[PDB]
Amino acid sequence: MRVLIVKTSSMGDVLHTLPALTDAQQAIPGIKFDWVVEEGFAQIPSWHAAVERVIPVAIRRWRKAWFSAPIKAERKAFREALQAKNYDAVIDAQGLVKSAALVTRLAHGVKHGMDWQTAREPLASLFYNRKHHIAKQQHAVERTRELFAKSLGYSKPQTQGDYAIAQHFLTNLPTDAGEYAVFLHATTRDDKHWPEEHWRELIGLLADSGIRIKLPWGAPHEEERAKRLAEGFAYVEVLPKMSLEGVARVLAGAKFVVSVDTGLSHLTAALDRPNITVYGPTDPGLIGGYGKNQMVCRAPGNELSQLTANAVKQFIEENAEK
């Protein structure tokens, strides 16, 4: 049995799909998945043992010059790579018109996705052969597991979802695995950042432990913030630019992580690393992290400026006390 997954974006949503593959592999021996994913996240699906051919799309990049000749050629090539196999099922776990119309509609095989009432964009449901009702108010992980279970004809297991990607990293753990924490400071929107002074106070409060701290970055403004945080603290290292796989290796070796609500926090969750996520204006309810040792630190009044470094250190201490 060969299944095509359509689940293109964003980073966390791609990661959240992994436990559904693991469920399906256990219920259907020898099932294999191809996966249409945005090019920036193409590495993620390759880490799961049930995945064969990743089929990158670049919808977001194509939209700037959609009819430009090189773009028309990439689109053409994408359709050809999409239509190369006949799939036993095509599962659209995204539920957007972009995903349904630009990708799912063109693939060969029976097309499964969410119905009018449960899809993110209801009109996406017009493009499916098999519509499934997947209740909106559950964690993203559980929704996708339910969609896979209903699409492929097996009962949704009651056990906790298993991403099954940490084994891929078992063979490549950094040498200094266990001797550092990773601080994930970069996110999407000003009010979701923990103010810089609070990070630096936290870092300061860990002078006395002798722990090492590593700071990733994936764009210029993030590099500069990483440098301001590390300034004056010899136990803090600013990582060089790396691939998504590289930063995953780093996270896989971390004793623990402290993070804002961000893509790489969900990657941390997918790798089962202890993670303290700091939330203000976003609700850890449904798009909180799902996994082992994902801890939730709620800023007073939902405002991150009000959450002190002391309160976070104490939260770490209270949680280790297990």
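Numbers follow the displayed sequence, beginning with 1.
283-291 and 56-64 differ in mean CA B-factor, and the higher of the two is recorded for 283-291. Look at the mean CA B-factor for 126-134 and for 81-89 in the entry; the higher one is 81-89. Note on 153, 161, 240, 210: the highest value goes to 240, judged by CA B factor as recorded. The residue among 191, 121, 115, 146 whose C-alpha carries the highest B-factor in the deposited model is 191. Residue 298 sits in the highest third of its chain by CA B factor, as recorded in the PDB entry.
Ranked by C-alpha B-factor against the other modelled residues of its chain, residue 245 falls in the middle third. Annotation for residue 311: CA B-factor lies in the highest third of the chain's modelled residues. Residue-level temperature factors show residue 75 in the highest third of its chain, judged at the C-alpha atom.
Sorting the modelled residues of the chain by their CA temperature factor places residue 39 in the middle third.
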